[PDB]
Amino acid sequence: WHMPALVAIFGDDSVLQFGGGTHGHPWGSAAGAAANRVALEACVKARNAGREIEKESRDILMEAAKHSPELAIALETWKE
Amino acid sequence: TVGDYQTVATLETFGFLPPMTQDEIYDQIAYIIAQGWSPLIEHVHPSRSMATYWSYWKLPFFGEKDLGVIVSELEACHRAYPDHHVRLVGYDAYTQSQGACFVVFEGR
Amino acid sequence: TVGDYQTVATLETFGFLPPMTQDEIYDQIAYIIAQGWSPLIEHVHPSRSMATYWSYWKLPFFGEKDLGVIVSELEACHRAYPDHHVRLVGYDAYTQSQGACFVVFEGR
Amino acid sequence: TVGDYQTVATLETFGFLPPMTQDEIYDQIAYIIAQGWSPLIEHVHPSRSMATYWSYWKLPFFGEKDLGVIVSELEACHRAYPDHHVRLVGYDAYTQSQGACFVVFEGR
Amino acid sequence: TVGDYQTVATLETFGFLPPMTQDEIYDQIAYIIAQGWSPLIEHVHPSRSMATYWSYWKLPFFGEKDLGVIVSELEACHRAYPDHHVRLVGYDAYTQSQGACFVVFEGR
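Residues numbered from 1 in each chain as written, not as in the entry; some residues may be left out. Chains lettered and ligands numbered in written order. Part of a larger assembly, values for the part shown. Heavy atoms only, no water.

Draft legend 1. Structural detail: the overall build of chain B. Secondary structure assignment for chain B yields 2 helices and 4 strands. Its helices and strands taken in sequence order, chain B reads α-β-β-α-β-β from the N to the C terminus. Out of the 108 residues in chain B, the part that is buried amounts to 44%. A separation of at least 24 residues holds for 58% of the contacts in chain B among residues at least 6 apart in sequence. Carbon and sulfur atoms make up 54% of the accessible area of chain B, which amounts to about 6500 Å² in all. With 6 positive and 13 negative side-chain charges, chain B shows a spacing of 9 Å between the two charge centroids. (Helix = DSSP H or I, 4+ residues; strand = E, 2+ residues; numbered from the N terminus. Buried < 20%, exposed > 50% of the residue type's maximum accessible area, 1.4 Å probe, protein only. Contact = heavy atoms within 4.5 Å. Areas by Shrake-Rupley, 256 points an atom, 1.4 Å probe, with all protein chains shown as cover. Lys, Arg positive; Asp, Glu negative; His and termini not counted. Charge placed at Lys NZ, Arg CZ, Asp CG, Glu CD.)

Draft legend 2. Examining the packing of helix 2 (residues 28-48) of chain A against helix 3 (residues 57-65) of chain A more closely. Residue and element names in this part refer to chain A. Packing of helix 2 against helix 3 brings their axes to within 9 Å, and their N-to-C directions diverge by 125°. Taken together, helix 2 and helix 3 sit at an angle that is classed as oblique. The two elements helix 2 and helix 3 cross, and the hand of that crossing is right-handed. Here helix 2 contributes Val-38, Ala-39, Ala-42, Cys-43 and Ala-46 to the contact with helix 3, which in turn contributes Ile-60, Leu-61 and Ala-64. By residue class, the composition of the contact of helix 2 with helix 3 is 8 nonpolar, no polar and no charged. (Axes fitted to C-alpha atoms, helices over the stretch in contact; angles between N-to-C directions. Parallel < 35°, antiparallel > 145°, perpendicular 65-115°, else oblique. Left-handed = near helix turned anticlockwise from the far one by under 90°. Nonpolar A, V, L, I, M, F, W, Y, C, P; charged D, E, K, R; others polar.)

Draft legend 3. Region of the structure containing the sheet that holds strand 1 (residues 38-44) of chain D. Residue and element names in this part refer to chain D. Taken in spatial order, the 4 strands make up an open sheet running 2-1-3-4, and their pairing is antiparallel. What marks the edges here is a single partner per strand, and that holds for strand 2 (55-56) and strand 4 (97-105). Across 7 bridges, the pairing between strand 1 and strand 3 (residues 85-92) is antiparallel. By the bridge assignment, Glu-42 is partnered in strand 3 with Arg-87. Contacting strand 1, strand 3 and strand 4, helix 2 (residues 70-80) crosses the sheet at an angle of about 15° to strand 1. (Pairing = 2+ DSSP bridges.)

Draft legend 4. Focus on the pattern of salt bridges. All names here are of chain A. Per the counting criterion, the structure on display carries 9 salt bridges over all chains. Here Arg-47 makes a salt bridge to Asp-12, at a shortest N to O gap of 2.5 Å. On the criterion of sequence distance, the pair formed by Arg-47 in helix 2 and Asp-12 in the loop between helix 1 (3-7) and helix 2 is long-range, its members being 35 residues apart. By relative accessible area, which is 25% here, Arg-47 ends up partly exposed. (Salt bridge = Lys/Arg side-chain N within 4 Å of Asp/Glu carboxyl O.)

Draft legend 5. Spotlight on the interface of chain A and chain B. With 13 residues of chain A at the contact, the number on the chain B side is 15 residues. Where chain A abuts chain B, roughly 1400 Å² becomes buried across the two surfaces, and 61% of that area is made up of carbon and sulfur atoms. At the boundary of chain A with chain B, the tally comes to 0 salt bridges. It is helix 2 of chain A that contributes the most residues to the side of chain A that touches chain B, 9 residues altogether. For the side of chain A that touches chain B, the class distribution of residues is 7 nonpolar, 2 polar and 4 charged. (Buried area = accessible area lost by both parts, 1.4 Å probe.)

Draft legend 6. Highlighting the packing of aromatic side chains. All chains considered together, the criterion is met by 10 aromatic pairs over all chains. With a centroid separation of 6.4 Å and an interplanar angle of 85°, the aromatic rings of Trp-57 of chain D and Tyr-81 of chain D are classed as edge-to-face. With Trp-57 of chain D in the loop between strand 2 and helix 2 and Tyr-81 of chain D in the loop between helix 2 and strand 3, this pair connects stretches of sequence that are 24 residues apart. Judged by its relative accessible area of 2%, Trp-57 of chain D falls in the buried class. Residue class for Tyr-81 of chain D comes out partly exposed when judged on its relative accessible area of 22%. In this structure, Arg-87 of chain B packs its charged tip against the face of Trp-54 of chain B, placed 4.7 Å from the ring centre. The ring centre of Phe-105 of chain D lies 5.8 Å from the NZ or CZ of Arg-108 of chain D, which sits over that ring. (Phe/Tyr/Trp six-rings, centres within 6.5 Å; stacked < 30°, edge-to-face > 60°. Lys NZ or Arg CZ within 6 Å of the ring centre and 35° of its normal.)

Draft legend 7. Structural detail: the side chain of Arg-87 of chain D. Residues and elements named next belong to chain D. Within the secondary structure layout, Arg-87 lies in strand 3. Residue class for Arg-87 comes out buried when judged on its relative accessible area of 9%. Only 2.9 Å separates the side chain of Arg-87 from the side chain of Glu-42, close enough to count as a polar contact. Setting aside anything within four residues of it in sequence, one finds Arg-87 in contact with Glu-12, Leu-40, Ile-41, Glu-42, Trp-54, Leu-74, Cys-101, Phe-102 and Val-103. (Polar contact = N/O pair within 3.5 Å; in protein donor to acceptor, adjacent residues only side chain to side chain.)

Draft legend 8. Main features of the sheet that holds strand 3 (residues 85-91) of chain B. Residues and elements named next belong to chain B. Strand order across the open sheet formed by 4 strands is 2-1-3-4, with antiparallel pairing between neighbours. The open sheet has two edge strands, strand 2 (55-56) and strand 4 (98-105), and neither has a second partner. In this fold helix 1 (residues 22-34) packs onto strand 3 and strand 4, with an angle of close to 160° to the strand it touches most, strand 4. Strands strand 1 (38-44), strand 3 and strand 4 of the sheet are contacted by helix 2 (residues 70-80), whose axis makes an angle of about 10° with strand 1.

Draft legend 9. Structural context of a nonpolar patch on the surface. All names here are of chain C. A surface patch of nonpolar side chains, about 620 Å² in accessible area, is lined by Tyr-5, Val-8, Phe-14, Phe-16 and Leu-17. Inspection of the secondary structure assignment puts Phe-14 in the segment before helix 1 (22-34). Taking the relative accessible area as the measure of exposure, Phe-14 reaches 41% and is therefore partly exposed. (Patch = residues over 30% accessible without salt bridge, like charges linked within 9 Å, V, L, I, M, F, W, Y side chains within 5 Å.)

Draft legend 10. Region of interest: the packing of helix 1 (residues 22-34) of chain D against helix 2 of chain D. Residues and elements named next belong to chain D. With their axes 11 Å apart at the nearest point, helix 1 and helix 2 run at an angle of 115° to one another. Between helix 1 and helix 2, the contacting residues are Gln-22, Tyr-26, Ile-29 and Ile-33 on the first element and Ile-70, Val-71 and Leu-74 on the second. Considering only residue class, the contact of helix 1 with helix 2 consists of 6 nonpolar, 1 polar and no charged.

Put into structure tokens, the structure is as follows:
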């Protein structure tokens, strides 16, 4: 859920490194990466579309889990 | 098979999300024009998708200040090369970098 | 014809014996549970049998004390990938080695 | 579609030019003979077009001042190998170089 | 056509000539035995014909003075391997080399 907070202020020339964010996914470590990669690109695509990522976090992040079941549970574990 | 994730191929960016509709490209082109970059279109065959340099179509639209003509160009390359990827790229003249790089048509 | 031995392909171990029967698998899994190791199942296409790392399914059964689930869970990965090898692996946490590594299904 | 210049395969020279006419070959052979060079006929399987050595046919025409045999012998190599590039090569004995190396037949 | 020599594939020895008649192989075996060498038979598939070591059939014939068995054992090898080469080799023990190495059957 912190992706809109680490993209709106870190720009695009930044690297996001997780300690337990990837490995702490119930569906293994492979699904953990798909949970952040989908969440990251949704925030960017919302910023290019002129939306406010830091303000519309819930609606930007939730509409990507519909086409991505991994995020559909990643949003539930790290609620909210 | 839930939850069993399989290794899947995306090109570089915006591939994990569903294919872009016609309206999303409108806003992306509006943004890339508003940033002052120069839109540019490339295409290659999916077999050589890992190549460093793609093929131009045709030249970068230097000094282009309207999105109403770009939407026509992207279709011509696709109908000329129906089995090739179509990349929409933006060129930054000052920093010599790319502001946005995402495949628009995945290649039939 | 005798005597002309023809070289044949074996995976790592137990390839020279006939295909494992159900009761043999039961005894092997019971032993692997009794030794305290962690059962683990992998699967790859037969062409990629030389790959260093196989595909997990789904997570290592850390300290499972029931042998009736893995035998049913080994068939699940088999139906999910009926054109793949099905290997059984035992994970030891303290010595960080594998005391049992044998393929179960040859791949239909 | 213009302007879209697509990369195309040309061998060494005159490949950008549509195929040479019969009367043109007469003039090229006359020029080669007038320079004192030695005509020579080579042919290679088109997939092996990248080899630095082709196959002779048959031996170099050393000291030949008649152009009525080269065209008939050039075509004989074509009947013998109808799926081969046909090359006409001129040897310069004094400089140990080649003053004219052009493909006459594209290869059926 | 003459004279335009074409490159042809030969295994190592006696392949430039027509394949040996059963009378010629009889004399070759007689010579090999009379020199005191050890006949031995090999076989591989023609695709891997350039391999360093072939496959034995069945074992070396240490000091065999009966030449009626080799002629029937190669036919057994040929029938068992209808699409494999059949090599007959004469093993010399004192010099640790091979006194003769010539392919007998070319493989159907």
